[PDB]
Each structure stands twice: as C-alpha cells, then as structure tokens.
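In what follows, a structure is listed as structure tokens, so that the remarks can point back to it.
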Amino acid sequence: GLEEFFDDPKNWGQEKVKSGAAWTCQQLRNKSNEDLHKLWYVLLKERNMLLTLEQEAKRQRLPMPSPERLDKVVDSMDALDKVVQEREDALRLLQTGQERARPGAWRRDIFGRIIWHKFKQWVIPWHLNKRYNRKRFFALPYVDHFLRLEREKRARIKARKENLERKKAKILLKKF
Amino acid sequence: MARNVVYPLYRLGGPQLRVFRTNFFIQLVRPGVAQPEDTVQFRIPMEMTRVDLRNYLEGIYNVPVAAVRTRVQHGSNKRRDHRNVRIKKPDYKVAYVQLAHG
Amino acid sequence: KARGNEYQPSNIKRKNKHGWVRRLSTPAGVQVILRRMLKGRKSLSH
Amino acid sequence: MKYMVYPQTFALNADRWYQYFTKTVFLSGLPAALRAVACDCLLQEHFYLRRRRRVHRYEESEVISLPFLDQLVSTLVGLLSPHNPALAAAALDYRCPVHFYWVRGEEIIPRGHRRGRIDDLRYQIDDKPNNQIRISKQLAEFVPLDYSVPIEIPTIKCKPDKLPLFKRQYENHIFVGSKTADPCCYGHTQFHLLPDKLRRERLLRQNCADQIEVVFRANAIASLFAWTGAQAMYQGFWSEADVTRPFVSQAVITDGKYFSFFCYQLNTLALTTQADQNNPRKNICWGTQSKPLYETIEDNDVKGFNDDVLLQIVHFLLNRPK
Amino acid sequence: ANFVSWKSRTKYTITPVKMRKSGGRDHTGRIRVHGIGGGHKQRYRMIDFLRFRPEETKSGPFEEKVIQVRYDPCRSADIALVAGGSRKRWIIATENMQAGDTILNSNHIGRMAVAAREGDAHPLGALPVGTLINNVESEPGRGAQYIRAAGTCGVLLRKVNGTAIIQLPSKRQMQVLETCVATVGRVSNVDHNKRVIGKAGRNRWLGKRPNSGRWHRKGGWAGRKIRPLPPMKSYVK
Amino acid sequence: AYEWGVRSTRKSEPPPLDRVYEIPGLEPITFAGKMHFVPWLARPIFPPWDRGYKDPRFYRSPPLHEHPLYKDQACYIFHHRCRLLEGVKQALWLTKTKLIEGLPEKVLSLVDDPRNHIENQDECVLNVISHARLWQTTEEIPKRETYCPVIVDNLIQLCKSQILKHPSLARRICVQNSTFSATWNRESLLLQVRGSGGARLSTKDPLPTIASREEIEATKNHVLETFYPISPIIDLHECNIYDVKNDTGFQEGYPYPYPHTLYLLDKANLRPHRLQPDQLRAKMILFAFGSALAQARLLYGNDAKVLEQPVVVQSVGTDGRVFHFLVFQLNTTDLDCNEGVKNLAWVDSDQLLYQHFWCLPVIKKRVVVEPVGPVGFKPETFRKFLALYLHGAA
Amino acid sequence: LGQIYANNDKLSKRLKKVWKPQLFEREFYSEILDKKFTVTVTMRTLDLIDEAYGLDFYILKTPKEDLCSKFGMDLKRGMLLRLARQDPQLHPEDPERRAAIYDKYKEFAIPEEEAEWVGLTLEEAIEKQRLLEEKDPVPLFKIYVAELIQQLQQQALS
Amino acid sequence: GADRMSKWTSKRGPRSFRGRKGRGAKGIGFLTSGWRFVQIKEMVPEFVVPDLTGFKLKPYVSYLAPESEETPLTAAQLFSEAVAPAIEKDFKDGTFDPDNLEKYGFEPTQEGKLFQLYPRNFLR
RNA sequence: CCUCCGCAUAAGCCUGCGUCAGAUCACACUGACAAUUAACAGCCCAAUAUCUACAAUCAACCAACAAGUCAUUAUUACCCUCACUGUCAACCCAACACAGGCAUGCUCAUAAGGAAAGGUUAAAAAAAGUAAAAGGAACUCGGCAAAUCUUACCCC
RNA sequence: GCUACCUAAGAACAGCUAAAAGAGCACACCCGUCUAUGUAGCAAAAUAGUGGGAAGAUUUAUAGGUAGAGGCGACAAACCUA
RNA sequence: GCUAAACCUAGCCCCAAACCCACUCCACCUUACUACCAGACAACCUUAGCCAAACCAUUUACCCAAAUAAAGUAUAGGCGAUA
Ligand SMILES: [Mg+2]
Ligand SMILES: [Mg+2]
Ligand SMILES: [Mg+2]
Ligand SMILES: [Mg+2]
Ligand SMILES: [Mg+2]
Ligand SMILES: [Mg+2]
Ligand SMILES: [Mg+2]
Ligand SMILES: [Mg+2]
Ligand SMILES: [Mg+2]
Ligand SMILES: [Mg+2]
Ligand SMILES: [Mg+2]
Ligand SMILES: [Mg+2]
Ligand SMILES: [Mg+2]
Ligand SMILES: [Mg+2]
Ligand SMILES: [Mg+2]
Ligand SMILES: [Mg+2]
Ligand SMILES: [Mg+2]
Ligand SMILES: [Mg+2]
Ligand SMILES: [Mg+2]
Ligand SMILES: [Mg+2]
C-alpha cells in the first residue's frame, strides 16, 4: 500500500537513516535475470519512497534525512540497466550480428549535414507514406556554400583554442 | 509503460504490450488544498497515462484504485538569472487517485 | 487614426507565415534557416 | 458561474455530496396481462424486431434498452388507465428536459480582483429523463411537512469542486418538462435509464462495486429534487417564500435489466444561508436497492421474470391525486 | 496562391451545386478581369445543352415532359426542368415553354421538312427555311454554344449541299452541317434587355464592382466605325 | 458534348518514364535502395501492395460485379426517401390500385356516433396542439423536427385514452424502428419496397375487410392510368446488388403481427427537404401496399392469385399541421399484368388540423392583433384520426 | 546564351541574345538492341549519323563530350553490354543475324566489367557500389563456431 | 511580438491547436464515430510485476563486501559460457553437424519469435 | 458618492496582488512552497457505387428577388471503450499599472464593479461650467461659440 | 497579424414612423463635420462637446490570396506593418 | 570627503603548421523538436548596378592553379578613360 511509499514510522524524524553500499555492476552480473527483475522492483519501491521523502522535506523546509540513499538507489538501478542491456547486446550481436537494437541509416539532409536517421515503425510502406515522402533527404546545390562557411567557422574556433593553448603554456613557463 | 523507449507497433491480432522493468517513478505528495478522504495525490511523469497509474499502483503496490484524474501543472518561466535569461521551473503531471472499497 | 497597434497576434497566422515547414517549403527559406544556423541563432524559425 | 450537476454521474459518493447540495436525507425502503405485456416489450426489442444493422454493444443501451423502456411505459399506462383514471389525462413525455437552478451556501473568492468577497454557490441540474408522466393535480404528501428524521445530512470538509464538479456560465433554466402555461404542471413518476458509461460491468471492472447503488441513488436524488423544486417554483415558491405544502414525485431508474424505485418529498426550498439560518425542514428521498426484472432472455423466452419488480412499477403508476 | 476550381464534379445532376466566386482573379491570385466581386451567394444548376441525348439503353427520337420553368441566377434565361423515362434534366426554356408540356428531341432528317413546334429540338436539315432557331451546335454532337442568352433567336436562311446556313444574333452568317441540332423559337425572358437596374446597390448584388475613377483620354479606336459585315463563318471542312 | 470535371481538378498523369527503361538489357539505378526520393536518380516502379490481413478501418470493398448478390436485372427500390415525380397516380400504377376519394363509411361512422367521442374532445386536442407548438421545450418557437412526432405521439395517446370505453384497445402496441420488405413484378419490372421509419400500430386482430367481393370484382373495368413519357419507375433506386426476400419486420411468433396503421412523418425543418403532399400520399400508398403484400406473402405463399381474404392496412401521414389518411385493401397478389382485379385505396387528403399557430402575440400599432395559440382548428380532422384509430375496436 | 551589339555596331546597345537549335522528333532503329526509339534530334545529329553510317555506329564511336546526352550514354552502355555478353536475346530465333550484327560492331567490344560503368554519373555509380557492397551482417555465432572448430582441430592434431 | 524562445507546448495556440498537441504519453487506442475513443487493451502496457515474497535482495549492499574487478560481458564470453560446452562435448564425441547449429541455440531468422532482438519489438 | 460598467466565452498572453520568509507618495519586489482534476471544449468517421428541382423570414396567408445555411440509398467490412490535451491571474495589441484599440452571449437599468479631494490657502493668467440688469449680432472674415430650436432662396 | 481589394464560411443591427424603401427619427455599432483643450500629449493623431450614417454599394470576428521593373485602388499618384 | 579614480587578466589579431566536423536513450520537414497509414511535387539560364570616363549612351582591373622575368611590351579601346 501507501505505507510502502512512506518509510518505516520509527525512522520518521530520525535526522539520519543509515544505509548500505549501492549495488555494484559486477555483483549484478553475478545475479541472474529473474532476480534482477525482482531487484528492479525492490529498488523501484525504495526510489519512490526516497523521492516522496525528498519532496516532503522541500515542502516542510527541512533537510532531507540522508540524500545519499537516493543517490545510491539511482546508481544501483543504473548498474542493473547496464547489466541487462549488456546481456541483450551480447545476444543480439551473437544471433543477428547487428550492433544496435533500432534500425537506422546514415543519411544527408535539407541542410547538407550527415545525420543518423533512426527508423520509425509504420504499417504501410514508404513509397505510399505521405509524410515520409514530404521529407527531403538530399541537399540541393545552394547548401555547399553554407557548408563551406560552417567548416571555416569550425576552423576559426579550433585555431583560436590551439593558439591560446600555446599562449597559456608560455605564460606558465614565464612564471615557472 | 516506460519513458524514452520506442514502442512496438500493435497490428490487430497481436500480443499484449508488456513492460517488464518500468522506469516510471512517482512521488506521493501532500495536497496543497483540502481533499476528500479517499483521495491520494501523486506527482507523475508527463508520459504516464491514468490507465497506467492505475495499473502501476495495482500491480506494484497492490492498492485498489477506483478513480484516477490527471492534470498538467505548468512551471514558471518568469524567474530570470543575472544575464536576464529566463529560468524555467519544470512542468509536471499531478494525479488524484480515489481509493476503492471505502 | 492612432498607430502602433499593427501586431494583432494569431498563432495560426504566425506558424503559417514564418514557421519551419513554410521556411523549408521554399529553397530561399531553407537558405534563411541556413543563414540563421550560421549566425548561431537560438530561434531559427517561429 | 454555477456548478453543473449531472444526475447520471461517474463521480464516487455523489449521493452524499448531492444530499448535501439539495439538503436531502436518504431513507432505505419506501414510505397476468401486465406480465405478458412486459415480457412482450422485452422480447420485442431483444428477439423479434428484425434489425438490419448489426447492434454493437456500445449502441445496445440506445437501440434496445431505450425502446423497451418507453414502450413499457406506454403500454402499462394504457392498460392501467382503467384502474387509475388520472393516467388517461396524464401527459407522457419522451426525453424532455427538466432544469433546476438554486443557491446553497457561500464561499469567499480566493484570488483575483474580487478576492475576499462573498459569493453565492449556485448549482444547476440539467436532466433529460427517458420518460416522465405529468398530472394536472398534485399527488398526496407521503410524510407530513416538519417530519423529524433523526438521521442528519452529510457534510463535506472540502470544496464542491473536488468530487469532479466544474463551473460554467450558461442560461439559468427552471423547467418541469413543459412551460408554465401547461395545465399539467405536477409530476407523477419519472423513468430513467442509466447510460452505457455507468454499466454494472464497467463499474465492476473499475473496482466500483460499492458504487453500483451510489449511481442509482445519486440519479434519484438529483433528478427528483430538480423536478420537484421546479414544480414548486412553477407554483411560485422560492427560498424567501417557502413551500406551504409538500411536493412529491417518484422515479424508477433502470439499467435495462436492474430496476430501483425512489420517492422524493420536497419540504423546503430555503437552501440559501440566510433562509437556512434556522430552517428545520429537511427534504426526504426514500429508495430501494436494485433488483433484476429478468435473469436472461434465451431466444424466445424470459428465464427469471421477477413479478415483484413489475408489481412495484404498477403500484407507482397506480398512485393518484386525492 | 492555391486556387482549385469548384468545377470539379464529374456526374450530371439536377441538384444545385455550391459555386465559389473568383473575384476576377486567375489561378495565380492576380486580377485578370476587373469589375467582378461579391454578389449574392449563387448555386449552379447544371444545364444539358445536348438536347438529342437518348437515355442509356434507348436509341432514337424521344419526348420529355416539361415539369417546371424556373429562374436561373447563373444566366439571363429561364431554365426548364424536363423529364423523360427515368431521367430529369435542366434545359434552356424557350419563350413560351410552360409547365406540363411535351417537347420532342429528334435526330431524323426527312425528305419533307417538319412543322416546327416551339421548344422542339430538330436537325437543321429537318427544319424549314426561315425557322427562328435557338441553341445551335457548330459540329454534330458538340452541344449548344450559340444563341443561348435570353430572347435571342437565329434564322435558318439556306439549306445547301449537306450544309445549313444560319443568321447569328450579331447578324452574322454561320454555316454548319445539316445534322446539327437546333431548338425552335426564341429563348425565354424576351424583355431581359428592358430591365432597369435602378441602383448601384443592385449592380453590387449582381456582383459588379464599380468602374475605376481614373480619367482616360479617348483614343483613335473611339469614334463610330461602320465596318462591313464579316464573311460567313464555316465549320464544314 | 460538354463533359463535366475540368482538367485542373482531374488528377494528373505520372511523370514520363525514364528513358533507361526503354533501353533493353540495362539494370536501371533507382532510389529504391536509398528508401528516399533523390532528384538525380531514376524513379523506381514499385510493385502493387496489399495488406494481407483485414483491418476494418482500412477496408476496401470488392468490385461491384464480384459481389455475391449481384444481378444483371435491375430491381427498382422504393424507400422512405423516394419522391415520386407523378406522385399518387404513379403509386397507383406501381401498386395496381383504384383510388376512392374519402374514407370508408364504416370508418367515418364509428365516430359519427357520439358516445365514441372523447370527453372535452376539442379542448383536449387544442391542448395537444398548444403543447406541441408552444409549450414543449425551453425554446420560444419549437421546430418541426420536434413538434411533429410530439403531436403525433400525443394524439395517439389521447385516442388511446378510450380504453375505458373500448376494452379491445389492449390488444395493440405502437412499434418504432420497424422495417418491412416486399418485392413484386409489374409489367416485367422488379419493384421492391423497403419500409422504414415511423410508427407501426401493431394489433393481434386482422383489420376487417372494407369492400365486398362484388366491389372487388367490379374493380375489373378500371384501366390504370399511364403518364407517358414518364417511366413508371422515375424516382426509385435502380439497384443492381439486391436480394429478393419478403419481410414483415418481425420474426415468427410476435404477439402483435398485424399492421393496423403506419404513421408517416414529414419532420424536416426545410421545405425542399420536406415532401410535397402528393409525394407523401404516394409514400403512404406504397408503404401500406408493402405491409399488405408482406402479410399476404407470409400467410398465403409466394403464389400469384386474387386474394380470397383481402388484406387491409391503414396509414396516417402528416407533417404536424396537414394530415392525410389512407385505407388500403390488397385484393390480389397477381400484379405482373395490368388487367384483372385491382387493389383498393380510400384516401382523405389535405386535412388541416389548424391553419396557423402564433407562438408570440402579434402586437401591431401597440394593440394585440392576434392572440397566442392555434388558428383555425379542425375537429373533423381529429375525428377522422380517432376513427382510423378505433377501426377494428369500437 | 550571349550578348550582341544592336546592328553590328559596337557604339550601339549591347543586348542579350539566346540562340536555340531547330529540334526535330524522329524515329531511329538500333540494330544491336532491336528497338525503335523516338528521339528529339538536331539536323546535326542526323548528318553525324549519316557520316557514321548508322545510329549504332554514331552511338558507339561518339564519346561523352560530343554525345552530350545521358540518353546517348545509356544507349551506349546497353549496346556495349549486349555486345560483351553476346546476348542471345538479340533476334533469339535467328543466331546468324545475331552473329552478323555482332561481327559488324566487334571493334567496340569492351569487357562487361568495364561496360557496366559506361555513362554512369557519380551518384548512380555511388549507388551501384553501395548496392553491390551492402552485405547484411554475419552472426558472431557462426564466426565463433568456425573459431572453436579451428582451435579444436589444432587440439585434435595435438 | 510573440515569445519565440520558450518551448511550444499544448497550452499555447487556439482550441484546435491545444487539443491536437499532447505531452508525449503513447496512445492506448484509436478514435472513431462521434469523436468516440476505443481503448485497445493490447496497446495498453501491462506491468509484469513479480512475486517478492521470499526475496533476499534488499535495496542496499553491506559495506563488508569484497571488491570485485569490473568485467563487461561480451559476446565472446557468452559464446564461451553458453554454447562452447555443448559444441566441445559434441565434437569430442564426434556428432557435430556443421549445418544444424540450430540445436546449439542459433536462431537462423528472428521472425516467428515473440521477442525479436533485431528489429527490437519488446519493451525494457 | 460614481457606475458608459460588469460577469462569462473566444482570441491573445503564459504564473504576472495565493501562503511563508526577507528588505528600503506611503507598505503587485526577491526567494521558497503550492495550485487549474471533465461531464464544458478540443481531438472525429471503412470502401465502392448511387442519391440529393421545390429557400429563409413564428411559414400560415401573402409578396417577391439579389434566387439562398442544414437530406440519402444499395452491397460488402466492423466487438471494443471512456485515452490524450486546454482549464490559474488583477491578463491582450499600443516602448508604460498608457484617458487609445479590442469579437460574441447575458446584465444592457445592476445582486456585478468602483473613488473625482496628499494637507492647506482661496492672488494673477489659463481651463471647465453656472447665473446675469437694459439692449439683442451693434461681434466677427463668417452668428465661430453659445443660446434658442427657427423662414425663404442662389451656385455646384 | 496594419491597410487596399478579393475568396471561404460566419455574426450584429433596440425602440418609433410607414409597412415600399441603398426611406426618415433614433440606440448599440461604424465614421469623423465644427469648436475648444492638448502640442516631448493620456495619445508618434487623443479628449470633451457637437456632428454623418445606422436593413445596407452597411459594420464586423476567423482562416486564405495577390509582393515591389510589382500588387491593389468607387484616382486621393490613395494604400501595401507609425 | 562624497561621487569617484586607479588596476592585469579574460580573451583576441596576424602568420606558420595541419584535411575539419556528425549515432546515451527519446523527439524532430505536420503548427519542426508531434510513437503509429494509400502516396508520389521535385535540382540545373550570361549577374546587375554603384563607380571612372570630370555628363553619358560603347567602354570602366576583380584569385582561377606556386615567385621572378619578358612587361605595363605586343595588343585592345567613344584609339578616350582605361584595359
Ligand atoms: Mg437569372
Ligand atoms: Mg453570373
Ligand atoms: Mg461604365
Ligand atoms: Mg471616370
Ligand atoms: Mg465532452
Ligand atoms: Mg476560470
Ligand atoms: Mg458593489
Ligand atoms: Mg483620488
Ligand atoms: Mg491637491
Ligand atoms: Mg444679459
Ligand atoms: Mg437677425
Ligand atoms: Mg465691425
Ligand atoms: Mg454653432
Ligand atoms: Mg437608412
Ligand atoms: Mg438616418
Ligand atoms: Mg474603397
Ligand atoms: Mg486628380
Ligand atoms: Mg495631383
Ligand atoms: Mg561619371
Ligand atoms: Mg569627381
């Protein structure tokens, strides 16, 4: 129930609730899938409790008892997500040989930049799709000058960063 | 339901959309105004549907839920920093869950 | 009569007139967006 | 700006909130050819009338249940007109509006340029009962004006807007179903069919078994208070000139299969704060729990016809003015 | 601009079709014709200008009953709702076309000429020399483009070879083949040229925007010009 | 001739094909592999596509000739929205019927007797008119789509109030949303009546016959009137995808199987959308014929014969102010020839119930000229309504 | 597209002038491909074909810069491929004509691998190379199965 | 002028604009007839929540735990720890058919599967 | 004492006088914490063919002209639900807490909404009114203004 | 997004005269005759009074169109973002 | 003695060298930053003018493939300006 959104009533106002170390990614790799599913839900209920407590601390203009608990539960579930995604990535690379889960393509644009178009899910094919054929994956010849000017600006910024690098080095060698 | 993930398209006659590890995280919030006795107020993500808050609260917390209503609360963009650039307080979803079985 | 009240706002008009899709609909408007990206503007269209 | 009140509502415990808004005490209970005709009405709409278009179940409450209800009312008014001689001169209406506007309580305006100022809490019930029989002479008075009822009306520690209730500013109407020039101003029995949104099946799917009777009771209280107060204001009674005689009206509310029976008695229109400062008159609503009329309709026959539910329809309609 | 023409429907009907005015503007949105704008909203009653049009699955000459003679906003003539078999259509009413009448649409060219009854569509080779004719085609089966405005009549003047020569209301002679179809008589509303607008507002109701205020000096084109009549126009190859 | 639809509104042809498709032996290079259009590569030829599975919101029906119930012969269908050009006499030709002006003396006599009248009858009908046209809704002037069915329902209930005097009005019911069907041949033309909308006064007892068998055989000398050049089927849907089944509208075993009065309403708020009186009478005639035929075919078979027991169906048709009354007697189902016994129809047409209603006082020159209420009430019209209602039980 | 001087007078107005060719639509038969082609040509192409003694000879001798036609260079590629594969579809029932018309144009025979790229513009060539190098990825299951088997062969040898 | 620097939300613009834009919640059905919404259950995400009675894993780890070196799982490790025993134990016995790798786990196609790894058709 | 206002919707704007804490004409400022909950409104609809002459005006009588804003049928296809979004304010366009501009419904007559005087004195000149003996256009370019409420006639 | 003209589909017009009106009186509403005040103003064209119209070639909300060697104009060489 | 005044560091400029920049997830050409539906449209045309010629009307230098030199030469040009 909602008593699981709140803490233990004996911890209310205890100014510090001790804790334990966040789950390390190697330990989560040692555990199996089903246990990682169940631990995901255990950690989810703990994170909901901690977020509820932090918002009520803000409401009452009092410090949260121990925010390290919220930080460590976020790290624990990030590590769990990492472990499960590594296992799926390994199986996908083994079975299909594809290194991404979503299809996509390197394409050009109406602006002449090369982008990674991530694919969308459709029911009709692309030649019959209206909106898709309204989009332009090609740059007509009036984009090349703006591409050249964009490259030149990037060169003007890099040359500045590297000259300052050398000026700063000489000022350091002036002092020491 | 989950955030920031592509959903598999459903074509009629297809399997149930099942989520296994949801990244939906909610906060129970004290109501600012007076509410009835059956009302529990939550702060939920923008991409969480009232059908999914009901399913979330009845699957993970085993809370019988009779009604769910939601609204979108706007955060202020009025505040400005030292550069006169407006600072945006975020937008969130508020949900009012009316419990079941009295 | 008295002037200055020449902006009579309408969101449909502001998006039909100076929005992204109209800009991309003409090649000259594409170059308007390209000119604004080169300048580094934070609001390329309306 | 007034609260729109819907008798047929999705909001939980709306019977208690409507009991507050209308100052009503709910009290449980009440204060062969007919069978054949009722079974004919059900089986005419469920099996016999060949329907060209496939009836989807979202349309069933409007294609099947509604024609059964007004056909049943028409036939059972025609056949009981021998025994009740007022039903021959009664006026039977199909889907006519019944509006009521009233003021109950005060608030202080919380924000804006009008902040800190007294504002009346106005409510408007907008109803359209499926059927309604209106007589030209008032019925009897069930219980006497100044009845006791040691029960006490529900109160809320919360703004009326919390049970989903919203505000709008439209035309304030006070109508009985016809204008003020109709000779048939008094109300007899109303007949209501609950919509498809508020079915027993959906209200069991949404964890609201407790609220199957709630929506029946709330529809009763709101609809009968609206019709009965409209009648009083047609006779010229308002909050500062209250009713000298009690105004009554009865109502059957149904889902197609389950029927509930209600009787309301308006004893007061003094619901504003100034007129309710020392008013002891409390409006009353008696009612019964829902009961099925039939069990299933298998091909050409009704399995479980409950003759008790019909005998109650017959007695309501057999109520007559003195 | 985005100007789609309202003239989109592809099926004949007697239902009045909602028109869309132009303002004198082309598909580019620029004015092409000055003086057009803002009259009463008008609906279009489609006119069948091919009088000899046998109904699908029928072949020869056929009769139609005149049911109504109505006002048309879109032209200066009255229109006639007629019906034969299972088909109702709008035609151009002749001068004395009355409701409840019977008119014949024929394609037969006999050795003799026919007694030309008003309102009846006959071939010009079936008509007598001297018949007042309305709604004429330039080629056999093209439909009526000429003599269509109110009170206008042309004259069969000569039947020669397989050609029939006519006098068009501008007094101009026009030669066609004898198989072309022409209605007999004068178009209805013969007093249409005696109408008095009476009012600049009535002209704006008809949808005529006012003339320009700019003064123009008259040119060499301007005086009276007594030209010879143009030569006979032939549509017979 | 002039052809409808201009080129600028007619869809354009695709661009001319790339010449590389006419050069034999060549594999054209298209943008099909890029999955996006490129202006500098050839436009591919995409093969035709099909879903394969049935999505109901994206369905495409089969071509019309490949439909199961497709027949090369046309069936001309009369439904509630058909508006006959020739009206009553076209209906009389299409149903093989002789028309008699006025109602039967049997019916007009059931109310000539004055114990069959309603108590305070004229004031009760005036109250019905006033409730329908003024007192009904919150609107000051109620519209026709509301007042017409309201006035018909309240007249039916006011007539139904005589169950005190006649305890055989309990064998009746007024059915809505009932649809009947009847098909017959008529000079080698297949006609169908699909009857829908209105109310069906359904009874347990067949209506008694009106004309004697001597009058029925006396009908064998009235030539049906024809209306050349108009085809008898001018305004009936020429359908080519149809079925031929009779239908009374009710499955077998309905307690109230006999049609007594069909109540037809011209409810439309606009005069072009309302039927002319002749067209309304024609609609009543073909609907009464359809109900009578459906009953005759149900009980007596699909055979063609002069009916030994004729079938009587009445119909009242109104817009709310004018009423028309019809009694129809099916004397035969042998209809393909125009010779022999004809059906009969007694018609009382264009009976006003009131000339006008004033929903607001007419105050010209600060003095009330016309008072509020009905103008020109006709209790004779109401008496004909009651007589048709009490036919069969009075 | 160029400019002129009013009436051959440099002290007069310089005006803009465009000179366009006389364009004629005509039909040609190509012996190698066996197809009639309706082509808009100039009177120059007609003589250039008369001097070539045939449309196929004009197409196969004239290079890109003087052909000035994407249609011409695609025609050249198709003609040159039918020749490289001795396509048995040129007059399929009549190999003696097939051999004779192939022997007439034997001198322009180039290898098929250098004929598949004749007349291709760079975008079409880039698409051709991408389509021939597409190669949907191979499973690491198969890769590691081959690896495990090779190492187990070495262990079985030892 | 108008504010062209803040985010375009569904709170701005006229009625039609406000109702046609949303906040990013995925659809759980379609719209038909009189703007009537049909919810499709299979398009509603079902939360697959396990039984947590008898579970010994708590949200935090004790600090008295030995430190472990990080080792990201690779496809090489998955092959060496999932199918390599079977392949070795079938080669030493001598019954490896190099054409039926389907028995060792290899999925030729991902079609016909309920949880296809490319293109991914399953939620997290 | 004023009320030529007001309350809603639309459009526009986007937290812009809610609570707590805090400074330095007179005390809507800064930071924090909250809030607008759908039934109103938005967001619609399988195909192919086919159908659709008869205004509106209390629609009756009656007269029109400029000739009009509201309609189907046949046969296939079709199981399921109450999702998503707007909802606050003393508010928008005019550089401004601008005597300006601003669509519609109700109240238009108030049950809503508001304050012309910071305090004094009571000079000139100036502004806005009110009264004025006798006279009554003598004024002035002109009866402008004001007051009355008023005749006849040129030119265009 | 002002304004000039147009397209689509909308909305408003009390009361009195006479009942026929690009009719008269007259609100709302649209305009702007004359006077005074104001002239860095409340206002980069306003205010008060007085006026012209107010069922019409009227006024007006919304979306769209025509763009500068142009557009649009009941010609003021008007108007096309003070 | 108030207001003030002072200040060296952000960084920048010209060169040299050297071939510069794009897939956490999700969203984004529709009213961009919008999970999800029957289409298809599609790129290529000599700059001109200010200015100089003391007006202006032909004419009036504009990187085009490492320096230098031939050479401001041959040539061109209202045989003028200039090129
Ligand atoms: Mg006309
Ligand atoms: Mg016209
Ligand atoms: Mg003129
Ligand atoms: Mg002029
Ligand atoms: Mg709604
Ligand atoms: Mg509000
Ligand atoms: Mg007040
Ligand atoms: Mg003051
Ligand atoms: Mg002062
Ligand atoms: Mg004086
Ligand atoms: Mg004088
Ligand atoms: Mg003087
Ligand atoms: Mg004056
Ligand atoms: Mg006037
Ligand atoms: Mg006037
Ligand atoms: Mg003008
Ligand atoms: Mg001038
Ligand atoms: Mg001038
Ligand atoms: Mg010069
Ligand atoms: Mg000089």
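Residue numbers (the deposited numbering), protein chains in the order written: chain Lu, 63 to 238; chain LW, 1 to 102; chain Lh, 47 to 92; chain Sf, 89 to 119, 140 to 430; chain LB, 61 to 297; chain Lk, 30 to 423; chain Lb, 87 to 244; chain Lo, 14 to 137. Ideal placement from N, C-alpha and C gives every residue a C-beta, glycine not left out.
Below 6 Å CB to CB, which residues in the same chain sit around residue i once its five sequence neighbours on both sides are set aside?
{"i": "LW:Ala67", "result": "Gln98"}
{"i": "Lk:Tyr176", "result": "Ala161, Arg162, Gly349"}
Going by CA-CA distance only, name the one from the options that's closest to residue i.
{"i": "Lk:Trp69", "options": "Lb:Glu219, Lb:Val231, Lb:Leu208", "result": "Lb:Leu208"}
{"i": "Lk:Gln221", "options": "Lk:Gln338, Lk:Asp272, Lk:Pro73, Lk:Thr167", "result": "Lk:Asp272"}
{"i": "LB:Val247", "options": "LB:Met79, LB:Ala140, LB:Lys78, LB:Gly261", "result": "LB:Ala140"}
{"i": "Lb:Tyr188", "options": "Lb:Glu179, Lb:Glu198, Lb:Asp173", "result": "Lb:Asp173"}
{"i": "Lh:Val67", "options": "Lu:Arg109, Lu:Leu190, Lu:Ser94, Lu:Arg196", "result": "Lu:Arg196"}
Around the Cβ of residue i, are there at least 16 other Cβ atoms within 10 angstroms (buried) or fewer (exposed)?
{"i": "Lo:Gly32", "result": "exposed"}
{"i": "Lu:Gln183", "result": "exposed"}
{"i": "Lk:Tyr257", "result": "exposed"}
{"i": "Lo:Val51", "result": "exposed"}
{"i": "Lk:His160", "result": "buried"}
{"i": "LW:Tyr56", "result": "buried"}
{"i": "LB:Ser166", "result": "buried"}
{"i": "Lh:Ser71", "result": "exposed"}
Among residues of its own chain, excluding the 5 on either side of residue i, which ones have a beta-carbon nearer than 8 Å to its beta-carbon?
{"i": "Sf:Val113", "result": "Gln107, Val257, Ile259, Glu260, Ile261, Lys390, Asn391, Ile392, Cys393"}
Would you check if the distance between the CB atom of residue i and the CB atom of residue j is smaller than 8 Å?
{"i": "Lu:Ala167", "j": "Lu:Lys134", "result": "no"}
{"i": "Lk:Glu216", "j": "Lk:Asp365", "result": "yes"}
{"i": "Lk:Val341", "j": "Lk:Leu381", "result": "no"}
Apart from the five residues on each side of it in sequence, which residues of its chain come closer than 7 Å, Cβ to Cβ, to residue i?
{"i": "Sf:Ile243", "result": "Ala194, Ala198, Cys292, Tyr294, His296, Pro429"}
{"i": "Lh:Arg60", "result": "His92"}
{"i": "Sf:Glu348", "result": "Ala383"}
Continuous alpha helix (DSSP H) assignments of at least 4 residues falling wholly in the segment 34-103 of chain Lo = 88-95
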